[PDB]
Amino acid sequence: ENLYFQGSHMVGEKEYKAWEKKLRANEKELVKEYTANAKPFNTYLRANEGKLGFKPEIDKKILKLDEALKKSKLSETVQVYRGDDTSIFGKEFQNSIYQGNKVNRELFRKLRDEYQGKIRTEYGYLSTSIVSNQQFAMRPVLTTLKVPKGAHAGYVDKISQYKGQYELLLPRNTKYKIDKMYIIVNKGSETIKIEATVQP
């Protein structure tokens, strides 16, 4: 263990290296493979609510990817984030929840009532961002996730010279409790905030 001068240069670099060490060569390539084209995997898991058996070749990779994600446990509780469009809320609210750069308060109240306090599931693998020096909240919806110590997760390197951070790749079938929803009033915009806790 070398001395960590300046602490972590970008948050998640330690966890990324450690996880990478435990992965077999075939696993590491499968992770890259998933990262390149995630959509066929995640639409499949969503279409069938996490049940396997429909597509044998896909099923085999999903099982291997699941095991790879098992290799690293979180040493400490962390916070990760997601930017999303109003499509996150589904047909009833997408088009309505906003009107001209501001949140519809009455529709927000209904939205808060349906989601807040409930436990939900992401059948696909969940990509989240780890804050280092910047948090990209340009999107209307910002979701913050508390990932508990002892949870399983993977790490993907999305970092470039000017933009990008480490990704925390959550296992498929992740459960989360929607702790709180509120409107962040920015200078010149409004953001819908979702604060959730990953149940392990």
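So that there is no doubt, residue numbering starts at 1 and follows the sequence shown.
Annotation for 174-182 versus 19-27: the higher mean temperature factor (C-alpha) is found in 19-27. Averaged over their C-alpha atoms, the temperature factors of 136-144 and 30-38 are higher for 30-38. When the Cα B-factors of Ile130, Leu126, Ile88, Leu74 are read from the PDB record, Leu74 comes out highest. Sort the chain's modelled residues by C-alpha temperature factor and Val103 lands in the middle third, per the entry.
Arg46: CA B factor in the lowest third of modelled residues in this chain (values from the PDB entry).
The deposited CA B-factor of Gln199 belongs to the highest third of values across its chain.
For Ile58, the recorded CA B-factor ranks within the lowest third of the chain. Only modelled residues enter the ranking.
Among all modelled residues in its chain, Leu52 ranks in the middle third by Cα B-factor.
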